[PDB]
Visitor: 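Quick one: structure below, then a few questions.
Counting from 1, the numbers follow the sequence of the chain as shown. Atoms within a ligand are numbered from 1 in the order they appear, just like the ligands themselves. Only this structure's heavy atoms are used, side chains among them; waters, hydrogens and symmetry mates stay out.
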Amino acid sequence: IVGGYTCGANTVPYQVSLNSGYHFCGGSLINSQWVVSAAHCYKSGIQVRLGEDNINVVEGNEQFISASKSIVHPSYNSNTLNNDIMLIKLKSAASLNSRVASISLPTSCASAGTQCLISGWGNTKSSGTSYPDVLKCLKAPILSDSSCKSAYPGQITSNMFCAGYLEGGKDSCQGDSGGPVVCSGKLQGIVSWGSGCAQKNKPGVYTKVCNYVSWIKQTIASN
Ligand SMILES: C[C@H](NC(=O)[C@H](N)CCc1ccc(O)cc1)C(=O)NCc1ccc(C(=N)N)cc1
Ligand SMILES: [Ca+2]
């Protein structure tokens with residue numbers, strides 16, 4: 001997260017860290033057994049880390065649980081990042097408490113101008129690199145589809161939306177991948193892609209979760 005602020009420990013209790021020896025992606029807890037993240041985060045050897053603030057220090061509220069199954073969206077296209085969503089089932093159910101809590105799925109899509117909270121442990125610099133160890137947060141509005149498509153001609157699909165600031169300075173970034181965009185209590189987006197980070201006229205692009213709620217619900221019910 002570039003241009004954000006330190007969230008505060010466990011203030012984003014649905015935020016998970018995906019760990020394969022090291023943090024590599026965010027995700028969002030959607031019930032005690034399931035996390036949703038980005039398909040571009042797919043790999044083997046995933047341990048889900050819940051209740052994290054400092055990902056380098058055991059602070060006392062963590063739960064570490066291995067993935068038992070990962071399901072990349074059936075239509076994910078890695079060339080275009082279309083359908084960039086993946087479900088991860090946990091080997092055992094997380095114990096839900098104030099610091100480890102699910103986030104609701106959309107009941108409908110969200111409109112341009114709606115304000116959202118984006119969070120993660122990704123890069124905090126727009127040029128060069130600096131990775132924080134505590135969770136960072138950013139408030140950002142959803143941008144119009146037309147400004148999104150104008151910023152990224154030939155690359156925005158119906159399963160994507162832009163959020164952030166066209167002026168630059170405030171954005172998600174590498175390492176925030178797969179993490180949440182929460183707007184009025186609903187998980188509307190997943191950190192997906194963009195050109196650089198926090199650059200002028202290059203806002204963040206996010207998976208449009210409202211398009212996937214039926215798939216998520218049916219997949220969880222059958223698995
Ligand atoms: C795997 C993904 N790749 C890209 O983003 C490429 N530059 C375009 C892919 C690509 C997409 C569509 C296409 O049609 C072709 C290639 C990535 O690195 N995500 C982390 C990220 C990146 C940016 C931001 C941000 N600035 N908000 C946040 C997290
Ligand atoms: Ca920790």
Side-chain angles (χ1 to χ4, degrees), residues 1-4 7-13 15-19 22-27 37-43 47-65 72 76-86 99-100 116-127 129 131-138 140-143 148-149 151-181 189-199 201 203-208:
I1 305 286
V2 181
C7 299
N10 311 117
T11 60
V12 189
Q15 172 86 53
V16 304
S17 169
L18 303 184
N19 185 288
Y22 44 87
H23 167 88
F24 70 89
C25 272
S37 186
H40 79 263
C41 291
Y42 168 72
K43 59 162 67 183
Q47 184 185 63
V48 174
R49 298 193 159 204
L50 307 104
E52 288 281 19
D53 190 43
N54 192 315
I55 52 162
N56 277 327
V57 178
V58 174
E59 298 183 288
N61 303 116
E62 296 91 348
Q63 293 174 53
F64 299 164
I65 305 171
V72 166
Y76 177 55
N77 185 308
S78 59
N79 297 310
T80 63
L81 277 64
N82 196 29
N83 309 288
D84 187 16
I85 186 168
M86 172 179 66
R99 298 179 186 97
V100 176
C116 307
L117 183 69
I118 309 179
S119 49
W121 290 273
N123 190 4
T124 61
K125 301 284 199 183
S126 59
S127 56
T129 66
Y131 285 85
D133 293 342
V134 297
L135 190 65
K136 297 290 187 173
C137 276
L138 176 66
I142 298 178
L143 299 173
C148 192
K149 291 184 172 150
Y152 294 109
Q155 302 182 88
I156 301 302
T157 75
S158 66
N159 300 307
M160 298 172 192
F161 68 94
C162 288
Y165 300 86
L166 292 183
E167 64 265 42
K170 285 183 170 178
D171 198 4
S172 60
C173 198
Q174 279 69 36
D176 294 319
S177 284
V181 179
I190 299 164
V191 178
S192 183
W193 65 272
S195 176
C197 303
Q199 301 302 301
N201 288 322
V205 192
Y206 299 95
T207 308
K208 197 175 180 177

Visitor: Is it true that some N/O/S atom of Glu59, main chain or side chain, lies under 3.0 Å from the Ca ion (ligand 2)?
Guide: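 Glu59 does not place any N, O or S atom closer than 3.0 Å to the Ca ion (ligand 2).
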Visitor: If you count every heavy atom of other residues, nucleotides or ligands that lies below 6.0 Å from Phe24 atom CZ, does the total exceed 12?
Guide: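 Enclosed: over 12 neighbouring heavy atoms sit under 6.0 Å from CZ of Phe24.
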Visitor: If you apply the rule side chain to side chain contact (heavy atoms under 4.5 Å, CB included), what do you find for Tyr206 with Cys116, and how did you get there?
Guide: CA-CA 12 Å; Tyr206 299 95; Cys116 307; over 6 Å; no
Visitor: Against heavy atoms of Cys197, which atoms of ligand 1 measure under 4.0 Å?
Guide: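 Counting from 1, the qualifying ligand atoms are 26 (N).
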Visitor: Can you tell which part of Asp176 has a heavy atom less than 4.0 Å from ligand 1: side chain, backbone, both or neither?
Guide: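 For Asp176, there is no contact with ligand 1 at all, from either part.
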Visitor: Looking at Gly204, which atoms of ligand 1 are within less than 4.0 Å of one of its heavy atoms?
Guide: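 Contacts of ligand 1 toward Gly204, numbered from 1: 27 (N).
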Visitor: Show which atoms of ligand 1 fall inside a sub-4.0 Å distance from at least one heavy-atom site of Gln155.
Guide: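 Listed by number with element: 12 (C), 13 (C), 14 (O), 15 (C).
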Visitor: For the residue pair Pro203 and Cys162, what are the closest heavy atoms and their distance?
Guide: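 Scanning both residues completely, I find the closest heavy atoms to be CG-SG, 3.9 Å.
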Visitor: Show me which atoms of ligand 1 lie under 4.0 Å from any heavy atom of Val191.
Guide: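 Answer, ordered by atom number: 28 (C), 29 (C).
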Visitor: Output yes when the distance from some N or O of ligand 1 to some N or O of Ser195 is under 3.5 Å, and no in every other case.
Guide: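 Looking only at distances, the answer is no, because the N/O contact criterion of under 3.5 Å is not met.
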Visitor: Within 3.0 Å of the Ca ion (ligand 2), is there any N, O or S atom belonging to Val57?
Guide: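 Here the distance criterion (N, O or S atom, under 3.0 Å) is met by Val57, so yes.
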Visitor: Return yes when atom NZ of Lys125 has more than 12 non-hydrogen atoms of other residues, nucleotides or ligands closer than 6.0 Å, and no otherwise.
Guide: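 At most 12 heavy atoms, drawn from other residues, nucleotides or ligands, come within 6.0 Å of this atom.
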Visitor: Any idea which heavy atoms bring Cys137 and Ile1 closest together, and the distance?
Guide: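 Of all heavy-atom pairs spanning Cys137 and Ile1, the closest is O-CG2, 4.0 Å.
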Visitor: Check for a donor-acceptor pair, side chain of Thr207 on one end and backbone N or O of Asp84 on the other, with a separation under 3.5 Å.
Guide: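 At least one qualifying donor-acceptor pair exists.
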Visitor: Does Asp53 put an N, O or S atom under 3.0 Å from the Ca ion (ligand 2)?
Guide: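 No - counting backbone and side chain alike, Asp53 has no N, O or S atom under 3.0 Å.
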Visitor: I want to confirm something. Looking only at heavy atoms, which of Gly194, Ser192, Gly122 is nearest to atom 2 (C) of ligand 1?
Guide: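 Selected option, by shortest heavy-atom distance: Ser192.
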Visitor: Without swapping roles, check the side chain of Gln15 against the backbone of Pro13 for a donor-acceptor pair under 3.5 Å.
Guide: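 Here the side-chain-to-backbone pair does not exist.
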Visitor: How wide is the angle at the Ca ion (ligand 2) spanned by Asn54 O and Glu52 OE1, rounded to 10 degrees?
Guide: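 O of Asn54, the Ca ion (ligand 2) and OE1 of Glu52 span an angle of about 90°.
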Visitor: Suppose we only allow N, O or S atoms; which atom of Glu62 ends up nearest to the Ca ion (ligand 2)?
Guide: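 Going by distance to the Ca ion (ligand 2), the closest N, O or S atom in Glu62 is OE2.
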Visitor: Among the heavy atoms of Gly196, does any lie under 4.0 Å from an atom of ligand 1?
Guide: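 True for this residue.
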Visitor: Would you mind running through ligand 1 and noting each atom that sits below 4.0 Å from a heavy atom of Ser177?
Guide: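 Taking each heavy atom of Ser177 in turn, ligand 1 has 19 (N), 20 (C) under 4.0 Å.
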Visitor: Examine ligand 1 and decide if any of its atoms is less than 4.0 Å from a heavy atom belonging to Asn79.
Guide: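 Contact present.
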Visitor: Locate the shortest heavy-atom distance separating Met160 from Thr80; write the atom from each residue and the value.
Guide: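 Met160 and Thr80 have their closest heavy atoms at CE-O, 3.5 Å.
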Visitor: Is it the side chain, the backbone, both or neither of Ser172 that has a heavy atom closer than 4.0 Å to ligand 1?
Guide: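 Both backbone and side chain of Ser172 come within 4.0 Å of ligand 1.
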Visitor: Any idea which heavy atoms bring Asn83 and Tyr76 closest together, and the distance?
Guide: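 Distance-wise, the nearest heavy atoms are O-CD1, 3.4 Å.
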Visitor: Check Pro180 against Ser119 and note the closest heavy-atom contact, atom names and distance.
Guide: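 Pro180 and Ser119 have their closest heavy atoms at CG-OG, 3.4 Å.
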Visitor: Which pair of heavy atoms, one from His40 and one from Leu81, lies closest together, and at what distance?
Guide: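 Looks like ND1-CD2, 4.3 Å.
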Visitor: Establish, from distance only, whether the side-chain atoms of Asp133 and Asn54 form a donor-acceptor pair under 3.5 Å.
Guide: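 Distance-only check fails for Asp133 and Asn54.
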Visitor: Counting from 1, what ligand 1 atoms have a heavy atom of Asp171 closer than 4.0 Å?
Guide: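 Matching atoms, with element in brackets: 25 (C), 26 (N), 27 (N).
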Visitor: Using a cut-off of strictly less than 3.0 Å, determine whether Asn61 has an N/O/S atom near the Ca ion (ligand 2).
Guide: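 For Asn61, the answer is no, given that no N, O or S atom comes within less than 3.0 Å of the Ca ion (ligand 2).
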Visitor: For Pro203, is at least one N or O under 3.5 Å away from an N or O on ligand 1?
Guide: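 No; every N/O pair is 3.5 Å or more apart.
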